[PDB]
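Sequence lines set the chain letters: A, B, ... in the order given, protein chains first and strands last, and positions in each chain run from 1. Just the heavy atoms: all of them, side chains too, but no hydrogens, waters or symmetry mates, feed the values below.
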Amino acid sequence: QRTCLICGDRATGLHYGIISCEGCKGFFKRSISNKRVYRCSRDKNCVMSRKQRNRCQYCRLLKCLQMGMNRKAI
Amino acid sequence: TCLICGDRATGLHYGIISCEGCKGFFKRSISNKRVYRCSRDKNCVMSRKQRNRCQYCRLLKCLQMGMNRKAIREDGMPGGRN
DNA sequence: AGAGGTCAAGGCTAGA
DNA sequence: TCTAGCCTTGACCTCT
Ligand SMILES: [Zn+2]
Ligand SMILES: [Zn+2]
Ligand SMILES: [Zn+2]
Ligand SMILES: [Zn+2]
């Protein structure tokens, strides 16, 4: 019963290097494959939870990379 | 093809085959708890260029054809599978 | 397992 | 106001 290193949601195994949920797995895949560049509309310190992760793409991706998700896979 | 207005369907939405218009209309009608009223004989015809002439008959047609109110999520989370 | 793919949920905001 | 075309998302799915 392990948790996503990004948002704390239930994790389903390792994805792109680190334990994570299906949401952050899918989010990271789409951000890298499509070369998306996000920007925080606030203070670059947005909360990452199941209910609030979708409210800032920039901080979500930043967390993904900081926690160790490997872009090289794609 | 949309079961409500005949417009081209984009897939299943809230239970039945429907277009993006009726998809969004049903979502807005349920989430905002809208009550509409018909200004005629509660029998307005539903087509692409006419569905927007009576919100009451459009919503009644949505429910008749099987659009499910329970398909709007209380937690408001997107994606996944039902 | 852990990649990539599926496709109906909800989100955004032009255009009427 | 409201509409709907298009985008973003994620629990399952197939594939390597
Ligand atoms: Zn996560
Ligand atoms: Zn942020
Ligand atoms: Zn329709
Ligand atoms: Zn009517």
(message) Taking B/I72 as the starting point, is it possible to reach B/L12 by hopping between hydrophobic residues whose side chains are less than 4.5 Å apart?
(response) yes
(message) Quick check: is B/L3 connected to B/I30 through a chain of hydrophobic side chains (ILVMFWY, heavy atoms under 4.5 Å apart)?
(response) yes
(message) Applying a 3.5 angstrom cut-off to the pairing atoms, does DNA chain D sit in any stems of at least three consecutive Watson-Crick or G-U pairs? List them by first number.
(response) C:1-15 with D:2-16
(request) Using a strict 4.0 Å threshold on nitrogen-to-oxygen distance, state whether A/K51 and B/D75 make a salt bridge. (result) no
Checking [X] side chain against [Y] main chain: does a donor-acceptor pair fall under 3.5 Å?
| X | Y | value |
| --- | --- | --- |
| A/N70 | A/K72 | yes |
| A/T3 | A/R10 | no |
| B/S29 | B/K27 | no |
| A/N45 | A/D43 | yes |

(message) Is any side-chain heavy atom of A/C24 closer than 4.5 Å to one of A/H15?
(response) no
(message) Please compare B/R34 and A/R53 by the position of their nearest nucleotide in DNA chain D and report the one closer to 5'.
(response) B/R34
Polar atom pairs (N or O), protein with nucleotides 8-11 of chain C, under 3.5 Å:
unit_1: C/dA8; atom_1: OP2; unit_2: B/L12; atom_2: N; d: 3.1
unit_1: C/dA9; atom_1: OP1; unit_2: B/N82; atom_2: ND2; d: 3.4
unit_1: C/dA9; atom_1: OP2; unit_2: B/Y14; atom_2: N; d: 2.7
unit_1: C/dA9; atom_1: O5'; unit_2: B/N82; atom_2: ND2; d: 3.4
unit_1: C/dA9; atom_1: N3; unit_2: B/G79; atom_2: N; d: 3.1
unit_1: C/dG10; atom_1: OP1; unit_2: B/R73; atom_2: N; d: 2.7
unit_1: C/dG10; atom_1: OP2; unit_2: B/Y14; atom_2: OH; d: 2.6
unit_1: C/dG10; atom_1: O3'; unit_2: B/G76; atom_2: O; d: 3.3
unit_1: C/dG10; atom_1: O6; unit_2: B/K23; atom_2: NZ; d: 2.7

(request) Mind telling me the pucker class of C/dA9, north or south, from the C1'-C2'-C3'-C4' torsion? (result) north
(request) Report the pucker family of D/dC13 (north if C1'-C2'-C3'-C4' is positive, south if negative). (result) north
(request) Would you please classify the geometry between the A/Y38 ring and the A/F27 ring as parallel, tilted or perpendicular, with 30° and 60° separating the classes? (result) parallel
(request) For A/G26, report the nucleic acid contact type (base, sugar-phosphate, nothing); a contact means any heavy atom under 4.0 Å. (result) nothing
(message) When you compare the side chains of A/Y58 and A/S41, does any donor N or O come within less than 3.5 Å of an acceptor on the partner?
(response) no
(request) Give the first and the last nucleotide of DNA chain D, reading 5' to 3', that has any atom under 4.0 Å from a heavy atom of chain A. (result) D/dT8 to D/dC12
